[PDB]
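Trainee: Let me see the structure of the following:
(one chain, ligands or ions: 2)
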Amino acid sequence: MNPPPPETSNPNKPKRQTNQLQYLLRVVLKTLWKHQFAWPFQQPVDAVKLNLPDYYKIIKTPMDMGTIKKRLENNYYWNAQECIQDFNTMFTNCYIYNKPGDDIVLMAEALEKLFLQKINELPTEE
Ligand SMILES: Cc1cc(C)cc(Oc2cccc(-c3c(C)nnn3C3CCN(CCN(C)C)CC3)n2)c1
Ligand code: NA
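Mentor: Numbering: from 1, shown residues only. Ligands and ions are numbered 1, 2, ... in the order given. Sure, the structure comes next:
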């Protein structure tokens, strides 16, 4: 069985639009989403279909770009750091579960390189 996905809606949660969060959607997410290696990361890991009964025994804070995209589009976040953390959780989970040189790790590394290049130009909050 898969767990429920991370939440993307929560009326109780304080949230904002900031220029940094707008950059995270329009520049960061858009750049990674269109990449040829984005597809494994565009939705929660389906441990049933991938036949990974241990995945959610090991990965206790799952995250994926489909969730991040919905969070950004639904203005779920309060600040850029919350969203940056989600991207880092996604990459770290892949490295925790998999092994160096696996195809999925090479894919995550390519996306992470672009992520770092784009967040290096995150605008000053204004
Ligand atoms: C066999 C295959 C290879 C590749 C590149 C992608 C694959 O499909 C997907 C689809 C959605 C997510 C993921 C995924 C994420 C995110 N992180 N880990 N994963 C998998 C974890 C299991 N691995 C099993 C193969 N190892 C044991 C070598 C494969 C990677 N993978 C399947
Ligand atoms: Na948040």
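
Trainee: Run a quick neighbour tally on the residue in the chain that ligand 2 sits nearest to.
Mentor: Closest contact between the chain and ligand 2, by CB to the ion, is at residue 82 (3.5 Å). Yep, even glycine has a C-beta here, placed from its N, CA and C like the rest. Residue 82 has 14 neighbours, counted by other CB atoms under 10 Å.

Trainee: Provide the secondary structure category for it.
Mentor: Here residue 82 is helix, with the state taken from DSSP: H, G, I helix; E, B strand; the rest coil.

Trainee: What residues does this structure have near ligand 2?
Mentor: 77, 82 (CB under 5 Å from the ion).

Trainee: Apply 8 Å and report the result again.
Mentor: 13, 15, 71, 76, 77, 78, 79, 82, 83 (CB under 8 Å from the ion).

Trainee: and ligand 1, which of the residues you listed contact it?
Mentor: When those are checked against ligand 1 using CB under 6 Å from any ligand atom, none falls in range.

Trainee: Of the residues you listed, which is the nearest to residue 32?
Mentor: The closest of these to residue 32 turns out to be residue 83 (CB to CB; 12.2 Å).

Trainee: roughly how far apart are the residue of the chain closest to ligand 2 and residue 101?
Mentor: Distance, residue 82 to residue 101, by CB to CB, to the nearest Å: 32 Å.

Trainee: Check residue 76 too.
Mentor: To residue 101, residue 76 is 35 Å away according to CB to CB.
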